[PDB]
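Notes follow once the structure below has been shown.
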Amino acid sequence: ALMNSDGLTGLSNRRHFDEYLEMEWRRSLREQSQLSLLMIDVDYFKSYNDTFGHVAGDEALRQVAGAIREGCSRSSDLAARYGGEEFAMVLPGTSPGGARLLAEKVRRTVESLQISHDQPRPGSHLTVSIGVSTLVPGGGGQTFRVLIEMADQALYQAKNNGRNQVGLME
């Protein structure tokens, strides 16, 4: 077993990520500071594995992890593979605008890989959709997972508005 990382990509694993996110949520709750989150998801990944095989798939995920840690400039940022082709990045102290720009950096860096795909049509390249959320944590029964929920809602927006794009929550 691995304690903090993902075997395939070498990024953080889900458990390590969730724990960090909860600490940062609570930090932001006490500071009343903005906490942003990216949920990043390879487009047409099912088709991709079916057509090119799980080895090709794994190599693609590895390259995407590379794109992702590249966007992971600042020490306080943390990137994980949440599961399958789903990744996550926490961005403490990051405004909606800053979160969105960084997601665009990641999105473009993924396109720069030029990984050939035949979706949405022959001659295409691998892309990611990204949901961005940001919140100043509040009172009552509101856990850190609301931030994930918001990003996942943003992710649906991006996925249903044509993919290869960033969705936004607020």
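Residues in the structure tokens are named by chain (A, B, ... in the order shown) and by number from 1 within that chain; ligands are numbered from 1 in the order shown.
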Within 10 Å of region 144-151 of chain A using only C-alpha atoms, minus same-chain residues under 6 positions, as a ChimeraX atom specification: /A:18-19,21-26,29,35-40,88,90,130-137,157,167-170
Could you give me the residues within region 11-54 of chain A that DSSP places in strand (DSSP E), as a PyMOL selection string? chain A and resi 35-42
So, with only C-alpha atoms as the atoms that count, which of A:155, A:102, A:110, A:89 lies closest to residue 62 (chain A)?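 Answer, going by the shortest atom-to-atom distance: A:110.
Of the listed residues (A:97, A:28, A:154, A:114), A:154 comes nearest to residue 129 (chain A); the distances count only C-alpha atoms.
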Residue among A:109, A:33, A:47, A:124 lying closest to residue 93 (chain A), counting only C-alpha atoms: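 Looking only at the distances to residue 93 (chain A), the closest residue turns out to be A:33.
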Smallest atom-to-atom distance to residue 52 (chain A): which of A:118, A:77, A:70, A:6, using only C-alpha atoms?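 Between A:118, A:77, A:70, A:6, the residue approaching residue 52 (chain A) most closely is A:118.
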Looking at only C-alpha atoms, which of A:7, A:98, A:57, A:123 is the one that sits closest to residue 34 (chain A)?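 Checking each of A:7, A:98, A:57, A:123 against residue 34 (chain A), counting only C-alpha atoms, the winner is A:98.
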I need the residue nearest residue 78 (chain A) from this list: A:125, A:31, A:5, A:152. Use only C-alpha atoms for the distance.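 Nearest to residue 78 (chain A): A:5.
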Find the residues near region 1-4 of chain A: any atom within 8 Å, counting only C-alpha atoms, skip ones fewer than 3 places away on the same chain, and give them as a list in words.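 Counting only the stated atoms, we get residues 7, 12, 13, 15 and 16 of chain A.
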Suppose you want the space between CA of residue 91 (chain A) and CA of residue 20 (chain A); what is it in Å?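 Spanning CA of residue 91 (chain A) to CA of residue 20 (chain A) is a straight-line distance of 10.8 Å.
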Which residues are close to residue 111 (chain A), i.e. within 10 Å by only C-alpha atoms, leaving aside same-chain residues fewer than 2 positions away? Reply as a list in words.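 The neighbour list is residues 64, 67, 105, 106, 107, 108, 109, 113, 114, 115, 125, 126, 127, 128 and 164 of chain A.
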